[PDB]
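Only one chain is shown below, in structure tokens, and it's the form deposited without the ligand.
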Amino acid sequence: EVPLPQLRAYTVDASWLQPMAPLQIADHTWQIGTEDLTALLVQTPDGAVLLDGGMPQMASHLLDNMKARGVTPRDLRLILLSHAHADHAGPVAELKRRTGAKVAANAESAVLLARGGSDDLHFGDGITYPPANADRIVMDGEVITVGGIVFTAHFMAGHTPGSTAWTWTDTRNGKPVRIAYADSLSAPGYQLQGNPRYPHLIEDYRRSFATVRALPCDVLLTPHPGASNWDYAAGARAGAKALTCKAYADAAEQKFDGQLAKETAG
């Protein structure tokens, strides 16, 4: 006779968990996550901002890289998120406990974060992580300012209801660089049509392709670097092959249309 199955851990490709030293993107913006998971540190004269943290076990590595950059735990002021899945919001609860950081997120991301990713619209309880509370709720197009760097929220619902693109302007060589950190536009194993948990899913993805296409976007970054053709291990040429926001959105829409056709067939 047969016992219920053991709980299964959320396991990922090794490269997603491979630590890297900080990689500079612009004068105040650094990649400090792993080879294949983005975690952006933005350093200001008035404290630091983190956009995404990657997987739950990455907290101490993030703190090490912040230290290397001159950011102590007390200096971390704000955490922002692309979306509240385990491989991007994983270490947020632990980072809040170990630093001065407060979380800003939209309502959808906040409720998923507070559930630790449980009762996911598509994954159920298969991919969970330590829950955390949001300190500030943001609305579409709202700005947050830290040390004079202005971050704007652009909602792009689909991958999760709370999926967000974050944009800000940094500098490089004395010239402004408009950075767009755009969320995933994938739908991995999702039921797209007639989904009772997400009835307007397709309409939301279509709007989000348009949103991403139109972002202020000298440089595009994504939570998985491969999605925007970044190679974090490629040093001085890490961002050389990066997609524009237009090309990223077009690729995502073409992929999405193909998935829809397959779902209709399958």
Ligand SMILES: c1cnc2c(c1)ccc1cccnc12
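All residue numbers are counted from 1 along the displayed sequence.
K.L.:
As stated in the PDB record, which stretch has the larger average Cα B-factor, 175 to 183 or 70 to 78?
P.N.:
Of 70 to 78 and 175 to 183, the stretch with the higher C-alpha B-factor average is 70 to 78.
K.L.:
Of the two stretches 232 to 240 and 203 to 211, which shows the higher Cα B-factor on average in the entry?
P.N.:
Higher mean C-alpha B-factor: 232 to 240.
K.L.:
Please work out which residue in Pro131, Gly147, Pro91, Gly158 has the highest C-alpha B-factor recorded for this crystal structure.
P.N.:
Highest CA B-factor of the listed options: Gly147.
K.L.:
By its CA B factor, does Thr222 count among the lowest, middle or highest third of the modelled residues in the chain?
P.N.:
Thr222: CA B-factor falls in the lowest third of its chain.
K.L.:
Splitting the chain's C-alpha B-factors into thirds, which one does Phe256 fall into?
P.N.:
For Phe256, the deposited C-alpha B-factor lands in the middle third.
K.L.:
Report the third (lowest, middle or highest) to which the CA temperature factor of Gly116 belongs, ranking only the modelled residues of the same chain.
P.N.:
Middle third - that is where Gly116 ends up once the chain's C-alpha B-factors are sorted.
K.L.:
Taking the chain's C-alpha temperature factors as the reference, tell me which third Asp64 falls into: lowest, middle or highest.
P.N.:
For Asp64, the deposited C-alpha B-factor lands in the highest third.
K.L.:
So where's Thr44 on the chain's Cα temperature factor ranking, which third?
P.N.:
Top third by C-alpha B-factor.
This protein has a second form, the form solved in complex with the ligand, left out of what is shown; the following refers to that one.
K.L.:
So the ligand isn't shown here. In the bound PDB entry, which residue out of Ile149, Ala165, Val138, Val71 has a non-hydrogen atom within 4.5 Å of it?
P.N.:
Residue within 4.5 Å of the partner: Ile149.
K.L.:
Could you confirm whether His28 comes within 4.5 Å of the ligand in the bound PDB entry, counting heavy atoms only?
P.N.:
Yes - in the bound PDB entry, heavy atoms of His28 and the ligand come within 4.5 Å of each other.
K.L.:
Check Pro45 for me: does it contact the ligand in the bound PDB entry (non-hydrogen atoms, 4.5 angstroms)?
P.N.:
Close contact exists here: in the bound PDB entry, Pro45 approaches the ligand to within 4.5 Å, heavy atoms only.
K.L.:
So, in the bound PDB entry, is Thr171 in contact with the ligand at a 4.5 angstroms heavy atom limit?
P.N.:
Contact check for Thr171: yes, within 4.5 Å of the ligand in the bound PDB entry.
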